[PDB]
Amino acid sequence: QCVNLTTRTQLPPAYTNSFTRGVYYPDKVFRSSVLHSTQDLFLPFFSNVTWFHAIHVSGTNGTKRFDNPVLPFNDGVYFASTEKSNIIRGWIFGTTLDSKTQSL
Amino acid sequence: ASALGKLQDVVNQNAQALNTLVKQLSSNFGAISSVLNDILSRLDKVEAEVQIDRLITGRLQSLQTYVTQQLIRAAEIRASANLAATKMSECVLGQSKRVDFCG
Amino acid sequence: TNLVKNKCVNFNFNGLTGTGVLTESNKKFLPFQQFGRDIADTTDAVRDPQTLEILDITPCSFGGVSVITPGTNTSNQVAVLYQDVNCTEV
Amino acid sequence: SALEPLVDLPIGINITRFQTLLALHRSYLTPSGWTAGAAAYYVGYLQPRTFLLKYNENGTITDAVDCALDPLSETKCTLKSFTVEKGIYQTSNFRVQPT
Ligand SMILES: *[C@@H]1O[C@H](CO)[C@@H](O)[C@H](O)[C@H]1NC(C)=O
């Protein structure tokens, strides 16, 4: 297979501000109405967060823009989407994005 | 709710140091772990002896810190208690001629 | 090993080890969780892996023995006070 | 938004890069078909930070506060409280650093 349509598009990544976001439970331990403090990997509040578009119609007629880049993992990764109609399934996570390493 | 702060401060500071005193149990103090059994589980005793020292020396010290605080803090209360017992005797039981001792 | 309820037991759950009095408890865990904990970073409440249930951990009671006596002058008789227990473990 | 861990898996690999996946289809003769609907998502990178976590009576975390967010946020991590009483509080010291 490996059918491919790069359809590269210009313009700056549209950013946004995660206000209160990306707070998970970093333990199984059940706690009730207490203030617990840990230093762990998170997405810090008021952060810079890129609203990317995998497919983007900018109207004249059609013009679907397939932009989704290979993206570095860096320290850790957060993800968010709406997608009333699912078009998103999973992620390719890896290193070489090829053989010679494992692939998630 | 701030009128009672004097009392509220006493109760807090007591419960404060206790929390601190407890949390000192979970500190390594240079030992390989804060669980007294893990040092015994992982390591053969002859070395684990030196490890448990750093726990004991750490914890045993950490008591004297707590104890000394209580002694000092009690000595304050001991002073405040006499102030009450003085007021209770002079102010309540008698009538005080001491200006602004009773307020 | 068969679980012990309302009786001082050494225990291990999922590798978590301690010694306490395991009881039925109504505190309510979210599915993925394992432990509960208290303010002091003790292990307060655990969930039985095989049959999901919320089990408290209260380590077995203990307290200062207090020997109440008149002067040994007047008598050799003492009345012992076990502090802060239910009267069973005597 | 509180996120529970789904599965904790033995992965043992370092992942330095990635891309998402898509679901597209085929169409038939109209003036091949691709790019079903529209697609957009959000991405941000993690980072070590100290959060104070407020559980609820049912353990549902609502309020979380970063300590390093601003000089104001670092003091709330000293009192451990989301309520900060009127007054002056001493946040962590600062140092001038060498050029
Ligand atoms: C303690 O034990 C006595 C029986 O010796 C019983 O009557 C009492 O209700 C118990 N109290 C508690 C705290 O369970």
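Inverting the pair-averaged 1/r between distinct Cα atoms of chain A gives 17.6 Å as its Kirkwood hydrodynamic radius.
Working from the pairwise distances between different alpha carbons, so that the mean of 1/r is found and then inverted, what is region D:1-85's Kirkwood radius in Å?
Details: mean 1/r = 0.0549 Å⁻¹.
By the Kirkwood definition, the hydrodynamic radius is 18.2 Å.
Per-residue mean of foreign Cβ neighbours for D:76-89 is 1 (Cβ atoms of other chains, 10 Å radius).
Quick check on packing: order C:40-53, C:15-28 by the mean number of other C-beta atoms within 10 Å, highest mean leading.
On the way: C:40-53: 15.1, C:15-28: 13.6.
Result, highest mean first: C:40-53, C:15-28.
Work out the length of the dipole vector of the protein assembly as shown about its Cα centre, built from +1 on the beta-carbon of each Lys and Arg and -1 on the beta-carbon of each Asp and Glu, and round it to the nearest 20 debye.
Details: 34 positive and 32 negative charges, 182 e Å.
That gives a dipole near 880 debye.
Shielding value for A:67-74 is 5, the average number of Cβ atoms from other chains within 10 Å of each residue's Cβ.
Rule-of-thumb check for region B:24-64: C-alpha Rg over 2.2 N^0.38 Å? Walk me through the numbers on the way to the answer.
Numbers: Rg = 9.5 Å, N = 41, 2.2 N^0.38 = 9.0 Å.
With N residues counted in region B:24-64, Rg over 2.2 N^0.38 Å equals 1.05.
Restricted to Cα atoms, the protein assembly as shown shows a radius of gyration and a Dmax of 31.0, 115 angstrom. In whole angstrom, region A:1-50 maps to an equivalent ellipsoid with semi-axes of 38, 18, 8, each derived as √(5λ) from the alpha carbon gyration tensor and ordered largest first. Note that region B:38-92 carries a Kirkwood radius of 14.5 Å, evaluated over its alpha carbons pair by pair. Farthest toward the positive end of the dipole of the protein assembly as shown, out of B:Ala75, D:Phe94, A:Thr50, is the Cα of A:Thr50, where the dipole comes from beta carbon charges about the Cα centre. For the protein assembly as shown, what is the mean residue ellipticity at 222 nm derived from helices alone (per DSSP H run of n ≥ 4: -39500 (n - 2.57); sum divided by total residues; nearest 500 deg cm²/dmol)? Here the helix-only value at 222 nm equals -6500 deg cm²/dmol. Note: chain C, Cα convex hull, 134 Å³ per residue. Net charge dipole, chain D: roughly 280 debye, given to the nearest 20, about the Cα centre with Cβ charges of +1 for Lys and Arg and -1 for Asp and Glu. Placing +1 on the Cβ of every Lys and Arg and -1 on the Cβ of every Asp and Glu, with nothing else charged, gives chain C a dipole about its Cα centre of roughly 120 debye. Among the listed pairs A:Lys28/A:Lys84; B:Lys45/C:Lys27; B:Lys45/C:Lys7; C:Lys7/C:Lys28; A:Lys28/C:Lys5, those with a Cα-Cα distance over 29 Å are A:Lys28/A:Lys84; B:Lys45/C:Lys27; B:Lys45/C:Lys7. With coordinates expressed along the principal axes, the C-alpha atoms belonging to region B:1-79 extend over 57, 24, 14 Å, beginning with the largest. How about D:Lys76: which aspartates and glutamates have a C-alpha closer than 15 Å to its C-alpha, ignoring those fewer than 8 places off in the same chain? Answer for D:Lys76, where 15 Å is the Cα cut-off: D:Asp63, D:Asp66, D:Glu85, listed by chain and number. Isolated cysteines of chain C, defined as having no other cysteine beta carbon under 4.7 Å away, are C:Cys87.
Tell me, what are the semi-axes, in whole angstrom and largest first, of the equivalent ellipsoid of region A:33-78 as set by the roots of 5 times the Cα gyration tensor eigenvalues?
On the way: eigenvalues 260, 39, 11 Å².
Here the semi-axes work out to 36, 14, 7 Å.
Nearest 5 percent is fine: what portion of the DSSP beta bridges confined to the protein assembly as shown is antiparallel? Just about 95 percent of them are antiparallel.
Each reported figure results from applying straightforward, stated rules to the coordinates on display, with no laboratory input. Here the Cβ is made from the backbone with ideal geometry for all residues, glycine too, and neighbour counts use every protein chain on show.
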